[PDB]
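Convert by adding 1 to the 1-based position in the sequence shown; the result is the number in UniProt numbering. All C-beta atoms in this analysis are idealised placements derived from N, C-alpha and C, irrespective of residue type, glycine included.
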Amino acid sequence: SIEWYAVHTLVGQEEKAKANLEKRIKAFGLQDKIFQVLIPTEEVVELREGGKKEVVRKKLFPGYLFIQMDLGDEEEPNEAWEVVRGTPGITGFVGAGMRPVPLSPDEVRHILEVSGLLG
(Lines of atoms letter the chains of each structure in order from A; the text may use other names.)
(Lines give C-alpha, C1' and ligand atoms only; values in the text may rest on other atoms or scores of the structure.)
Protein backbone atom coordinates (compact mmCIF):
# COMPACT_ATOMS: atom_id res chain seq x y z
CA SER A 2 0.00 0.00 0.00
CA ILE A 3 2.97 2.29 0.65
CA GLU A 4 5.54 3.53 -1.87
CA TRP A 5 9.28 4.03 -2.34
CA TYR A 6 9.84 7.79 -2.53
CA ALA A 7 13.25 8.57 -4.01
CA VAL A 8 14.82 12.03 -3.77
CA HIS A 9 18.06 13.67 -4.91
CA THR A 10 20.88 14.86 -2.66
CA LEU A 11 24.47 16.15 -2.60
CA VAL A 12 27.27 13.86 -3.77
CA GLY A 13 29.32 12.70 -0.80
CA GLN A 14 26.93 14.24 1.73
CA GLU A 15 24.26 11.58 1.16
CA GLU A 16 25.97 9.28 3.67
CA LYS A 17 25.86 12.16 6.16
CA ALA A 18 22.32 13.22 5.24
CA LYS A 19 21.06 9.82 6.36
CA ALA A 20 22.11 10.41 9.97
CA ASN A 21 21.05 14.06 10.08
CA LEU A 22 17.80 13.03 8.39
CA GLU A 23 17.01 9.74 10.14
CA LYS A 24 17.50 11.62 13.41
CA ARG A 25 14.98 14.32 12.52
CA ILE A 26 12.50 11.67 11.37
CA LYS A 27 12.77 10.08 14.81
CA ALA A 28 13.13 13.34 16.75
CA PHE A 29 9.91 14.83 15.37
CA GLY A 30 8.14 11.48 15.30
CA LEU A 31 7.61 10.37 11.71
CA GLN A 32 8.42 6.67 12.10
CA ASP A 33 4.73 5.95 11.45
CA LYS A 34 4.95 7.10 7.83
CA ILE A 35 8.49 6.08 6.92
CA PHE A 36 9.10 2.32 7.06
CA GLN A 37 12.12 1.52 4.88
CA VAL A 38 15.21 3.53 3.95
CA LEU A 39 17.48 1.67 1.53
CA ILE A 40 20.49 3.28 -0.15
CA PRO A 41 21.15 2.86 -3.92
CA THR A 42 24.43 0.99 -3.44
CA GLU A 43 25.48 -2.56 -4.33
CA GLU A 44 27.12 -4.70 -1.66
CA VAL A 45 30.30 -6.72 -2.21
CA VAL A 46 32.12 -8.87 0.34
CA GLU A 47 35.83 -9.67 0.01
CA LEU A 48 37.99 -11.63 2.44
CA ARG A 49 41.63 -12.71 2.32
CA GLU A 50 42.48 -14.06 5.77
CA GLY A 51 40.70 -15.08 8.96
CA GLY A 52 39.96 -12.46 11.58
CA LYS A 53 40.05 -9.34 9.42
CA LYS A 54 37.29 -8.58 6.92
CA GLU A 55 36.60 -5.51 4.78
CA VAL A 56 33.22 -5.00 3.12
CA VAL A 57 32.40 -2.19 0.69
CA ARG A 58 29.57 -1.11 -1.62
CA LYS A 59 29.28 0.69 -4.96
CA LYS A 60 26.66 3.42 -5.33
CA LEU A 61 24.54 2.58 -8.38
CA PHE A 62 22.35 5.68 -8.16
CA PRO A 63 24.49 8.71 -7.13
CA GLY A 64 22.79 11.26 -4.91
CA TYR A 65 19.76 8.98 -4.72
CA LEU A 66 17.90 7.73 -1.64
CA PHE A 67 15.04 5.21 -1.74
CA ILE A 68 12.56 5.52 1.13
CA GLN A 69 9.50 3.29 1.50
CA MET A 70 7.35 6.01 3.07
CA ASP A 71 3.58 6.53 3.05
CA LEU A 72 2.76 9.87 1.44
CA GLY A 73 -0.53 8.47 0.15
CA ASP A 74 -2.63 10.77 2.33
CA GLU A 75 -4.89 12.60 -0.10
CA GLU A 76 -3.76 15.70 -2.02
CA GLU A 77 -0.26 16.55 -0.82
CA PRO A 78 2.23 14.51 1.28
CA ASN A 79 2.46 14.79 5.07
CA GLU A 80 4.92 16.76 7.22
CA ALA A 81 7.44 14.03 6.35
CA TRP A 82 8.14 15.81 3.07
CA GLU A 83 8.67 19.12 4.87
CA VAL A 84 11.32 17.59 7.13
CA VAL A 85 13.30 16.14 4.22
CA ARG A 86 12.90 19.35 2.21
CA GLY A 87 14.31 21.22 5.20
CA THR A 88 16.98 18.75 6.31
CA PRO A 89 20.60 19.92 5.72
CA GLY A 90 20.98 16.88 3.48
CA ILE A 91 18.62 18.23 0.82
CA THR A 92 19.26 20.42 -2.22
CA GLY A 93 16.08 20.11 -4.26
CA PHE A 94 14.55 17.63 -6.70
CA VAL A 95 14.78 16.23 -10.23
CA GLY A 96 12.91 19.25 -11.55
CA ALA A 97 10.57 17.46 -13.95
CA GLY A 98 6.93 17.35 -12.89
CA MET A 99 6.63 16.95 -9.13
CA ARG A 100 8.99 17.35 -6.17
CA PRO A 101 9.53 13.65 -5.29
CA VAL A 102 10.28 10.68 -7.54
CA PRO A 103 8.29 7.52 -6.62
CA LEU A 104 9.75 4.33 -8.09
CA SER A 105 7.78 1.55 -9.79
CA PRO A 106 7.20 -1.93 -8.25
CA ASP A 107 9.22 -3.62 -10.99
CA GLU A 108 12.00 -1.11 -10.37
CA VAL A 109 11.78 -1.32 -6.58
CA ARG A 110 12.48 -5.06 -6.61
CA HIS A 111 15.55 -4.34 -8.73
CA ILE A 112 16.87 -1.54 -6.53
CA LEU A 113 16.03 -3.54 -3.40
CA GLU A 114 17.68 -6.75 -4.59
CA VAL A 115 20.95 -4.88 -5.10
CA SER A 116 20.69 -2.93 -1.85
CA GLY A 117 20.32 -5.89 0.48
CA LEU A 118 16.70 -6.97 0.90
CA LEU A 119 15.86 -9.61 -1.70
CA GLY A 120 19.45 -10.80 -1.96
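Judged by beta-carbon spacing, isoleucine 3 lies within the 8 Å limit of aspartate 71, meaning their Cβ atoms are closer than that value. Assigned with DSSP and collapsed to three states, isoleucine 68 falls in strand. In the structure shown, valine 12 falls within a coil segment according to DSSP collapsed to helix, strand and coil.
The beta carbons of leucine 31 and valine 84 sit closer together than 8 Å. Counting along the chain, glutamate 50 sits inside no alpha helix (DSSP H), nor does DSSP assign it H or E at all.
By the neighbour-count definition (other C-beta atoms within 10 Å, threshold 16), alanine 81 is a buried residue. Annotated three-state conformation of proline 103 is strand, per DSSP. Cα atoms of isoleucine 112 and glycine 98: separation of roughly 22 Å, rounded to the nearest angstrom. The shortest C-alpha to C-alpha distance from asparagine 21 to any of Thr88, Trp5, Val45 and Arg49 is the one to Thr88.
Around the beta carbon of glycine 90, 16 or more other beta carbons sit within 10 angstroms, so the residue counts as buried. In the DSSP annotation of this structure, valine 38 is not part of any alpha helix (DSSP H); the continuous beta strand (DSSP E) holding it starts and ends at 37–39.
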